[PDB]
């Protein structure tokens, strides 16, 4: 069992990273942070954004469209999306298992997350 961090921007897939810090670092570099700025300011910006409902990845004072999703996998199978059992997640945005709607929704998400 292994956790990976999936970075997306405005619906577009970027990468799967092994740790949260790697995923965060990638977004910050994408947003033009210097390596100096990250080491001196990121921990503070992330906690203050946490504390007051803001987007720590905001480049202009508004939601950045960046997201980090936490995937748990076993043998390359997605088991959980942000702590929620995958099939439960698919059901909540579509229909229940057994329906073609469920099968197509999970199929697209599987390919989306794994970069097919």
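Positions refer to the first chain, counted from 1.
Comparing 47-55 with 80-88, the higher mean C-alpha B-factor in the PDB entry belongs to 47-55.
Look at the C-alpha B-factors of 38-46 and of 56-64. On average they run higher in 56-64. Highest C-alpha temperature factor among 105, 12, 22, 99, as the PDB entry reports it: 99. In the PDB entry, a CA B factor belonging to the lowest third of its chain's modelled residues is recorded for residue 8.
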